[PDB]
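Visitor: Sending over a structure as structure tokens; questions will come in a sec.
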Amino acid sequence: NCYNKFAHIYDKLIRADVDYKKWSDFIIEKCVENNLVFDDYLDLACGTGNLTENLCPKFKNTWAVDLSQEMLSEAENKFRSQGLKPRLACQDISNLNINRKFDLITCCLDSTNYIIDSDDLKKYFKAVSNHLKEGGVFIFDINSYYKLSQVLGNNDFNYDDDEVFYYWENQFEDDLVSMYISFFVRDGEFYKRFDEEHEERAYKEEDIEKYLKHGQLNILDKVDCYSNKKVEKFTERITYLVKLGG
């Protein structure tokens, strides 16, 4: 619960609009509306498994993939303490290589935005469709173009609750947002530092829709941050629901 603890802090302070149960329930709900057979589940970019632990128990076989060895280990400890046994694999989403097909594939927490190269994003969607069972569903979200370009843009911010301190600087340029964040977490009489630096591309729904089709994937629904609400001009998080089209 160390890097796992930090992961919660991050999602609660930086993301701010994340609710595990809410999202997982929304996903299950959509799975049911699609007569899905809960046999095989794959969660890409599972991180420390905060979303996997909610959906994993609803399926027979689960696979969790993430590039961070550090995080995989955390998720593994979590899964274990919960009697969960999902198959793990450290791989880059752009080059997903798992000999297995699934009913449900998830990729949440704006992970898709980390693929800043349009080509790698195409490979990604193609990779995904190559792992979807016929009739299977693929659910993923992204930070909206408005969220990264306006709401984030170039705004530096300081936060100071008496247990966690952080300075977050945003640099927006040419559809790419660079985030530099220094965390200082309380650990008794001392603090431990955490420097996080991520880069996300601001993709337009028009571009995503095009890149999706390129992956032979069809859109089943496009909503506002895991809910039935429709996407609007100021939406900050878009949740896509797709399936194998061809």
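Labeling convention for the structure tokens: chains A, B, ... as they appear, residues from 1 per chain, ligands from 1 in order of appearance.
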I'd like the contact shell of residue A:16 - 12 Å cut-off, only C-alpha atoms, skipping same-chain residues fewer than 6 positions apart - returned as JSON, numbers by chain.
Guide: {"A": [8, 9, 10, 109, 225, 236, 237]}
Visitor: Apply DSSP to the structure's backbone, then extract all residues of stretch 77-146 of chain A labelled strand (DSSP E) and return them as a PyMOL selection string.
Guide: chain A and resi 87-89+102-107+132-143
Visitor: Could you write out that same residue set with C-alpha atoms as a tab-separated table (two decimals), in the first residue's frame?
Guide:
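Output contents, as saved in part-v7.tsv:
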```
chain	number	residue	atom	x	y	z
A	87	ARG	CA	-2.69	-13.14	-15.32
A	88	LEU	CA	-0.22	-10.25	-15.39
A	89	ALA	CA	2.06	-8.99	-18.17
A	102	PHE	CA	-11.57	-11.21	-24.65
A	103	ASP	CA	-15.18	-10.26	-24.05
A	104	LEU	CA	-14.33	-7.01	-22.35
A	105	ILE	CA	-11.25	-4.84	-22.75
A	106	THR	CA	-10.75	-1.72	-20.63
A	107	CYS	CA	-8.29	1.13	-20.72
A	132	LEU	CA	-11.53	-8.77	-29.05
A	133	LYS	CA	-13.88	-11.72	-29.26
A	134	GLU	CA	-16.55	-11.37	-31.91
A	135	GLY	CA	-19.33	-9.61	-30.04
A	136	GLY	CA	-16.89	-8.32	-27.45
A	137	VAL	CA	-16.78	-4.77	-26.08
A	138	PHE	CA	-13.90	-2.30	-25.69
A	139	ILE	CA	-14.22	0.56	-23.19
A	140	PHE	CA	-11.69	3.38	-22.77
A	141	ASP	CA	-11.63	7.05	-21.82
A	142	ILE	CA	-9.61	10.10	-22.70
A	143	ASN	CA	-9.17	13.60	-21.39
```
Visitor: Which residues of stretch 76-138 of chain A have any atom within 7 Å of an atom in stretch 210-215 of chain A when counting only C-alpha atoms, and what is the closest pair of atoms for each, with the distance in Å to one decimal? Order the rows by chain and rising number and write it as a Markdown table.
Guide:
```
| residue | atom | partner | partner_atom | distance |
| --- | --- | --- | --- | --- |
| A:122 | CA | A:211 | CA | 5.9 |
| A:125 | CA | A:215 | CA | 5.2 |
| A:126 | CA | A:215 | CA | 4.5 |
| A:129 | CA | A:215 | CA | 6.7 |
```
Visitor: Within 10 Å of residue A:46, counting only C-alpha atoms, which residues show up once you throw out same-chain ones fewer than 4 positions away? Write them as a PyMOL selection string, please.
Guide: chain A and resi 42+50-53+63-68+71-72+75+88+106-109+111
Visitor: Near residue A:6, within 12 Å and counting only C-alpha atoms, which residues show up once chain neighbours fewer than 6 positions away are dropped, as a list in words?
Guide: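 Using only C-alpha atoms, the neighbours found are residues 12, 13, 14, 47, 48, 71, 74, 163, 164, 183, 184, 185, 186, 192, 193, 194, 195 and 196 of chain A.
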Visitor: Could you write out that same residue set with N, CA, C and O atoms as a PDB file, in the first residue's frame?
Guide:
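Contents of part_26.pdb, freshly written:
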```
ATOM      1  N   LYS A  12      -7.004  11.115  -6.666  1.00  0.00           N
ATOM      2  CA  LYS A  12      -7.911  11.970  -5.906  1.00  0.00           C
ATOM      3  C   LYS A  12      -7.582  13.459  -6.033  1.00  0.00           C
ATOM      4  O   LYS A  12      -8.479  14.293  -6.022  1.00  0.00           O
ATOM      5  N   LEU A  13      -6.303  13.791  -6.165  1.00  0.00           N
ATOM      6  CA  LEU A  13      -5.923  15.184  -6.263  1.00  0.00           C
ATOM      7  C   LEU A  13      -5.689  15.677  -7.689  1.00  0.00           C
ATOM      8  O   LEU A  13      -6.196  16.734  -8.075  1.00  0.00           O
ATOM      9  N   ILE A  14      -4.943  14.924  -8.485  1.00  0.00           N
ATOM     10  CA  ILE A  14      -4.664  15.360  -9.846  1.00  0.00           C
ATOM     11  C   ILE A  14      -5.833  15.115 -10.799  1.00  0.00           C
ATOM     12  O   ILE A  14      -6.285  16.038 -11.479  1.00  0.00           O
ATOM     13  N   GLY A  47      -2.439  -0.186 -14.054  1.00  0.00           N
ATOM     14  CA  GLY A  47      -1.839   0.544 -12.952  1.00  0.00           C
ATOM     15  C   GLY A  47      -1.692  -0.332 -11.727  1.00  0.00           C
ATOM     16  O   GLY A  47      -1.175  -1.444 -11.824  1.00  0.00           O
ATOM     17  N   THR A  48      -2.139   0.147 -10.569  1.00  0.00           N
ATOM     18  CA  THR A  48      -2.062  -0.663  -9.350  1.00  0.00           C
ATOM     19  C   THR A  48      -3.333  -1.483  -9.139  1.00  0.00           C
ATOM     20  O   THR A  48      -3.603  -1.927  -8.032  1.00  0.00           O
ATOM     21  N   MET A  71       4.270  -0.810 -10.673  1.00  0.00           N
ATOM     22  CA  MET A  71       2.841  -0.859 -10.454  1.00  0.00           C
ATOM     23  C   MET A  71       2.272  -2.269 -10.538  1.00  0.00           C
ATOM     24  O   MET A  71       1.398  -2.633  -9.755  1.00  0.00           O
ATOM     25  N   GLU A  74       2.535  -3.957  -7.341  1.00  0.00           N
ATOM     26  CA  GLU A  74       1.545  -3.493  -6.382  1.00  0.00           C
ATOM     27  C   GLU A  74       0.224  -4.191  -6.626  1.00  0.00           C
ATOM     28  O   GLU A  74      -0.345  -4.802  -5.723  1.00  0.00           O
ATOM     29  N   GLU A 163      -0.772  16.912   4.965  1.00  0.00           N
ATOM     30  CA  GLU A 163      -0.185  15.579   4.869  1.00  0.00           C
ATOM     31  C   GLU A 163       0.428  15.356   3.481  1.00  0.00           C
ATOM     32  O   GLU A 163       1.328  14.529   3.299  1.00  0.00           O
ATOM     33  N   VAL A 164      -0.062  16.112   2.504  1.00  0.00           N
ATOM     34  CA  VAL A 164       0.444  16.027   1.148  1.00  0.00           C
ATOM     35  C   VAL A 164       0.636  17.424   0.587  1.00  0.00           C
ATOM     36  O   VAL A 164      -0.261  18.260   0.659  1.00  0.00           O
ATOM     37  N   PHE A 183       5.642  15.952  -5.724  1.00  0.00           N
ATOM     38  CA  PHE A 183       4.860  15.623  -4.547  1.00  0.00           C
ATOM     39  C   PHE A 183       5.769  15.500  -3.358  1.00  0.00           C
ATOM     40  O   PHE A 183       6.931  15.156  -3.488  1.00  0.00           O
ATOM     41  N   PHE A 184       5.217  15.791  -2.194  1.00  0.00           N
ATOM     42  CA  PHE A 184       5.927  15.663  -0.937  1.00  0.00           C
ATOM     43  C   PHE A 184       4.873  15.059  -0.036  1.00  0.00           C
ATOM     44  O   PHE A 184       3.876  15.702   0.267  1.00  0.00           O
ATOM     45  N   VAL A 185       5.074  13.809   0.352  1.00  0.00           N
ATOM     46  CA  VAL A 185       4.109  13.137   1.204  1.00  0.00           C
ATOM     47  C   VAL A 185       4.632  12.972   2.619  1.00  0.00           C
ATOM     48  O   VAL A 185       5.796  12.635   2.825  1.00  0.00           O
ATOM     49  N   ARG A 186       3.760  13.217   3.593  1.00  0.00           N
ATOM     50  CA  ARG A 186       4.123  13.091   5.003  1.00  0.00           C
ATOM     51  C   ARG A 186       4.417  11.636   5.361  1.00  0.00           C
ATOM     52  O   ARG A 186       3.720  10.724   4.920  1.00  0.00           O
ATOM     53  N   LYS A 192       8.625  12.425   1.973  1.00  0.00           N
ATOM     54  CA  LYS A 192       9.249  11.693   0.884  1.00  0.00           C
ATOM     55  C   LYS A 192       8.827  12.381  -0.405  1.00  0.00           C
ATOM     56  O   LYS A 192       7.652  12.702  -0.589  1.00  0.00           O
ATOM     57  N   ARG A 193       9.786  12.621  -1.290  1.00  0.00           N
ATOM     58  CA  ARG A 193       9.489  13.292  -2.548  1.00  0.00           C
ATOM     59  C   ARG A 193       9.080  12.342  -3.683  1.00  0.00           C
ATOM     60  O   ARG A 193       9.480  11.180  -3.713  1.00  0.00           O
ATOM     61  N   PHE A 194       8.257  12.854  -4.595  1.00  0.00           N
ATOM     62  CA  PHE A 194       7.776  12.107  -5.755  1.00  0.00           C
ATOM     63  C   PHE A 194       7.678  13.019  -6.968  1.00  0.00           C
ATOM     64  O   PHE A 194       6.735  13.791  -7.076  1.00  0.00           O
ATOM     65  N   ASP A 195       8.634  12.935  -7.885  1.00  0.00           N
ATOM     66  CA  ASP A 195       8.581  13.769  -9.080  1.00  0.00           C
ATOM     67  C   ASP A 195       7.927  13.028 -10.237  1.00  0.00           C
ATOM     68  O   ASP A 195       8.488  12.066 -10.738  1.00  0.00           O
ATOM     69  N   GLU A 196       6.749  13.473 -10.664  1.00  0.00           N
ATOM     70  CA  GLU A 196       6.057  12.832 -11.784  1.00  0.00           C
ATOM     71  C   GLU A 196       6.039  13.766 -12.981  1.00  0.00           C
ATOM     72  O   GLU A 196       5.711  14.947 -12.860  1.00  0.00           O
TER      73      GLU A 196
END
```
Visitor: Pick out the closest residue to residue A:223 from this set: A:120, A:25, A:205, A:40. Count only C-alpha atoms.
Guide: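 Looking only at the distances to residue A:223, the closest residue turns out to be A:205.
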Visitor: Ranking A:49, A:96, A:131, A:28 by minimum distance to residue A:4 and counting only C-alpha atoms, which one comes first?
Guide: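 Result for the nearest residue to residue A:4: A:49.
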Visitor: Which is closer to residue A:57 than all the others in A:99, A:216, A:82, A:158, using only C-alpha atoms?
Guide: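 So, comparing all the options, the nearest one is A:82.
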Visitor: Between atom CA of residue A:235 and atom CA of residue A:54, what distance in Å does the model show, to one decimal?
Guide: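 Between atom CA of residue A:235 and atom CA of residue A:54 the gap is 25.3 Å.
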Visitor: Apply DSSP to the backbone of this structure and, from stretch 3-208 of chain A, keep only the residues in helix (DSSP H, G or I); write these as a PyMOL selection string.
Guide: chain A and resi 3-15+20-32+52-58+69-81+93-95+111-114+118-129+145-152+205-208
Visitor: Just how far from atom CA of residue A:41 is atom CA of residue A:62, in Å to one decimal?
Guide: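 Here the two named atoms are 4.7 Å from each other.
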Visitor: Can you work out which one of A:175, A:92, A:17, A:117 has the shortest atom-to-atom distance to residue A:204, counting only C-alpha atoms?
Guide: A:175
